[PDB]
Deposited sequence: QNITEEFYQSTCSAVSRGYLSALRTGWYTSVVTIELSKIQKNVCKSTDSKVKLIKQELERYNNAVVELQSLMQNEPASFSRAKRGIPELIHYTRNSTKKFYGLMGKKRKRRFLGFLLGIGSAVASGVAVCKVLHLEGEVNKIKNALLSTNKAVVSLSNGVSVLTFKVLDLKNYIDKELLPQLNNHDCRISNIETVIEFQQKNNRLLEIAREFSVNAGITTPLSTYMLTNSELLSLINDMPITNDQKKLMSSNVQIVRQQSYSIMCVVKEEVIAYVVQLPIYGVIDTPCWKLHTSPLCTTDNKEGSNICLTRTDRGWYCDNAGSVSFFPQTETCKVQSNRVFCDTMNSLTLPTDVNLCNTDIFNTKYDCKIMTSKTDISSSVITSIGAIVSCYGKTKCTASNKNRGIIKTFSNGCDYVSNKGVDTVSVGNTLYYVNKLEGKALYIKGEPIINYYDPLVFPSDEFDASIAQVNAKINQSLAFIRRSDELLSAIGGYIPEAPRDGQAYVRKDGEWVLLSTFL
């Protein structure tokens, strides 16, 4: 349940209410370390089958370290940020001398530790893979300085399992130029990520939201490769901070609104263009025009403020009265009376124009409604699909309450003779100004062409003097 939808016949637009916000407002970065036992390329040449599997698996280990070494060497009008600017900024700190040793010394006896860097930022540091101890204690002593021996075959399988994670990380960074998203299992496992969330400087509400939407947290996180230095692989994990949680959100759907009475392509159209996600935020409204950068899990909407606009609350007035005087509502105009459909949360908006067939069908009953020329709406209660032309759209089967708000389509208030049908992105006031301006020039020019009757024309230019008499020019010499 939980969802309600309002359809406005007057503006061919629908609003779905009942969603809860989870907006990413900031970032939080932690450094992930992997201890290494580097070089020791002195191969002992005992050609036993188990020894060459360990050695050829040791090469994969050497290649993984070298690969990572070579690495450290209304959609418009929005803002343009840098998503990994915060995470790249801490990779710059790890390049300084002694900083790697600072975190290496703090992780001497524990897997997790907070390290204060020279930049004045205390960063969480932890270690996920300990290949240094397994190689130098369970493999190399049996191999390097004890006459080249591998006793059991399980040590081969055990070594390729502990090495597998290092190979996948190098493999994932190599095909993403050192920056990966989403944060994969190999970069950070589920238990590790749950542990990191539990230790972040965030609220209990933020910890609870992240721990129950880990898969969404991954899609909004980055992994940034920093340095391979002093037998340590360090990469930064950039986690999202949801500073705005549990505020109401609603999505606006729009569809073309045209006249159905003019002849052929003489019909005019208008469409609201401010579609996307809206959420209350700090007395204002955040607008997310690109619906693709928002993830919806049940009634919870995960959006990024980097792809948002701050708007005043008066923007909601466009839903109920598009001609309001507190906010100028954005629209676009055209003459293309083409049919289309928009699938909403719990219904469908259908714009039927021309000879196009537009219907709404049911899996057990068949076609249950044939739309007439105009912009109509239907909910998912009883309907399962909608057809417009040769396009079959399935309808979301989420249960909710739909409200049909009747009203006169606003396109009928405009005269097609003076209607600017070439506005890609205008507004109500701009359309009114363009009509006021053109009708003023027509009115003013006609008032001048009629106000030039009764004025005297030029007299003959023949070197003679002329006086005025009976509406004509007469020679002055005639009167003397």
{"property": "Deposited residues without C-alpha coordinates, grouped into stretches that follow sequence order", "result": "74-112"}
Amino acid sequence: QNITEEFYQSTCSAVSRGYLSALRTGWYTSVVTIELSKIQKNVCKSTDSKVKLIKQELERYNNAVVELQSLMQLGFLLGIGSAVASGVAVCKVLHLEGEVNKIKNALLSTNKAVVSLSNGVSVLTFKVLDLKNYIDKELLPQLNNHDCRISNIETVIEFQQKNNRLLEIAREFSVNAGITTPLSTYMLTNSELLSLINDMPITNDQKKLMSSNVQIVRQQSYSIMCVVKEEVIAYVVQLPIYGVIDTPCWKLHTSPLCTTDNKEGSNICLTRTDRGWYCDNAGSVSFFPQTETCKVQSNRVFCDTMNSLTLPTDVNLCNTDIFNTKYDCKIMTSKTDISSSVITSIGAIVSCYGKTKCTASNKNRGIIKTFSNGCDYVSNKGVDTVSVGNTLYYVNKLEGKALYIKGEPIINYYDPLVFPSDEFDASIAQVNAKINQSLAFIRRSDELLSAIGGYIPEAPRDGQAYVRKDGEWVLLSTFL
From here on, numbers count along this sequence of modelled residues.
| property | result |
| --- | --- |
| Segment of higher mean CA temperature factor, 124-132 or 177-185 | 124-132 |
| Mean temperature factor over C-alpha atoms, higher-scoring stretch between 200-208 and 90-98 | 90-98 |
| Per the PDB entry, maximal CA B factor within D384, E168, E154, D376 | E154 |
| Most elevated Cα B-factor in the entry, residues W27, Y61, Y413, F424 | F424 |
| Ranked C-alpha temperature factor of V467 among modelled chain residues, by third | middle |
| Where the record places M306 (Cα B-factor, split into thirds across the chain) | lowest |
| Third of the chain's Cα B-factor distribution that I456 belongs to, per the entry | highest |
| Within-chain third of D48 by Cα B-factor, per the entry | highest |
| Chain third (lowest, middle, highest) by recorded CA B-factor, residue given as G79 | middle |
